[PDB]
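Shown next as structure tokens: one chain only, the form deposited without the ligand.
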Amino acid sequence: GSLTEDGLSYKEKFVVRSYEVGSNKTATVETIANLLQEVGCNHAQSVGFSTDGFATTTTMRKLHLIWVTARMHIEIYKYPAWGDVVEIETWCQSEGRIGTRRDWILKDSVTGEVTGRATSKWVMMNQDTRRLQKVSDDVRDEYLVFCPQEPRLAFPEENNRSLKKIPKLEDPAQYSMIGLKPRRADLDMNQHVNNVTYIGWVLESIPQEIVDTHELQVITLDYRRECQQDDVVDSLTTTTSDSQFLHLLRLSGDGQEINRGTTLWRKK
């Protein structure tokens, strides 16, 4: 991979692996999300930021501050097949003291056709207290020189799917998968549950008949609280409709919300 000519974005190509595909012999949405995280990490490394998923500066590390994902939104038009080469371009853009956006565009390397796009909202938090704090005009200045200054959006329209408010699923759920728990492979280098694991947990409560007859076109997922390595999660889903679903992940015992989301599926 490499920074582009203007140095304000990063591109990398990936060959889809045998263990990365689902029953259609094409990449799963979790494989796509792992590749989005990989190119985001390589972009941080290319310019000197931390490579632990938090993309921090030396000053943020002295203050115990990190960037954390509040929302992930992914839209896929065509999943790449096993052995196909997919090229992913990514960039960041500040959205004021509230937070920052990282966007991605996925392309078929042979045709140059756009096969998917994604956007994510990040907030700054103290890693120990978990309290959010607005971005200072000294931390912000460190990042501005690596971002485009004119708006560059993977989802340009005023109020498109990526910005829609997500309601809270009400009991009883139509479908559920309970007692889900992370194993060591689900953790990152810091022993935290990887953001992609929550996507897998959301999808566990979609009926197998939908997965067999449909393809996932859009997934929007809010992150409210972490699942600790010793927590247990319940995944709940209700049809709201193409087929559309509302999703909720909550801790198995007291029912504390950890994530909410929606998915849209197209018939094959």
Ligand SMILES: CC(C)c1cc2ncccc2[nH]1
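The numbering used is simple: start at 1 and walk along the sequence shown. So that the term is clear: the rigid core is the largest set of C-alpha atoms that superpose within 1.5 Å between two forms.
Self-check item: Farther-lying stretch by C-alpha RMS in 9 other deposited structures of this protein (rigid core fit) among 201-209, 64-72
Solution: With the rigid core fitted, 64-72 is the stretch that strays more in 9 other deposited structures of this protein.
Quiz prompt | RMS Cα shift after core superposition in 9 other deposited structures of this protein, winner of 168-176 and 135-143 | solution = More C-alpha displacement in 9 other deposited structures of this protein shows up in 135-143.
Practice problem: Give yes or no for this: do at least a third of the other compared entries, each modelling residues before and after residue 51, lack coordinates for it? | Solution: In at least a third of the comparable entries (those modelling both sides of it), residue 51 has no coordinates.
Quiz item: From residue 208 to residue 209, how many deposited residues does the entry skip: none, 1 to 3, 4 to 9, or 10 or more?
Solution: According to the record, the chain runs unbroken from residue 208 to residue 209.
Exercise. Can you let me know which of the two, 118-126 or 145-153, has the higher average C-alpha B-factor in the entry?
Key: For C-alpha atoms only, the mean B-factor is higher in 145-153.
Quiz item: Taking the Cα B-factors listed in the entry, which of 212, 222, 204, 226 comes out highest?
Solution: Among 212, 222, 204, 226, the highest C-alpha B-factor in the entry belongs to 212.
Exercise. Could you say which of 88, 74, 185, 81 has its CA atom at the highest B factor, as listed in the PDB entry?
Key: Of 88, 74, 185, 81, 81 has the highest C-alpha B-factor.
Self-check item: residue 136 by Cα B-factor - lowest, middle or highest third of the modelled chain
Solution: Its C-alpha B-factor belongs to the highest third of this chain's values.
Quiz item: Against its chain's modelled residues, does residue 259's Cα B factor rank lowest, middle or highest third?
Solution: Lowest third - that is where residue 259 ends up once the chain's C-alpha B-factors are sorted.
Quiz prompt | CA B-factor placement of residue 177, once the chain's modelled residues are sorted into thirds | solution = It falls in the middle third of the chain.
Practice problem: Could you tell me which third, lowest, middle or highest, the C-alpha B-factor of residue 190 occupies within its chain? | Solution: Tercile = highest for this residue's CA B-factor.
Practice problem: Using the B-factors in the PDB entry, rank residue 93's C-alpha atom against the chain and give the third, lowest, middle or highest. | Solution: Within its chain, residue 93 is a lowest-third residue by C-alpha B-factor, going by the deposited values.
This protein has a second form, the form solved in complex with the ligand, left out of what is shown; the following refers to that one.
Exercise. Please overlay the site onto where the ligand binds in the entry with it bound and tell me whether the pocket on the shown chain stays open or is blocked (3 or more ligand atoms within 2.4 angstroms of backbone or C-beta atoms).
Key: Judged by the transferred pose of the ligand in the entry with it bound, this form is open (no ligand atom within 2.4 Å of backbone or C-beta).
Quiz item: Does residue 226 reach the ligand in the entry with it bound, with heavy atoms at most 4.5 Å apart?
Solution: The answer is yes: residue 226 has a heavy atom within 4.5 Å of the ligand.
Quiz item: Might residue 68 be said to contact the ligand in the entry with it bound, defining contact as any heavy atom within 4.5 Å?
Solution: Yes - in the entry with it bound, heavy atoms of residue 68 and the ligand come within 4.5 Å of each other.
Exercise. Please check if residue 125 has a heavy atom lying within 4.5 Å of any heavy atom of the ligand in the entry with it bound.
Key: Residue 125 belongs to the contact set for the ligand.
Self-check item: Residue contact check: residue 178 to the ligand in the entry with it bound, 4.5 Å heavy atom
Solution: Output for residue 178 is no: heavy atoms all beyond 4.5 Å of the ligand.
Quiz item: Quick one: which residues from 191-220 get a non-hydrogen atom within 4.5 Å of the ligand in the entry with it bound?
Solution: Those in contact are 195, 198.
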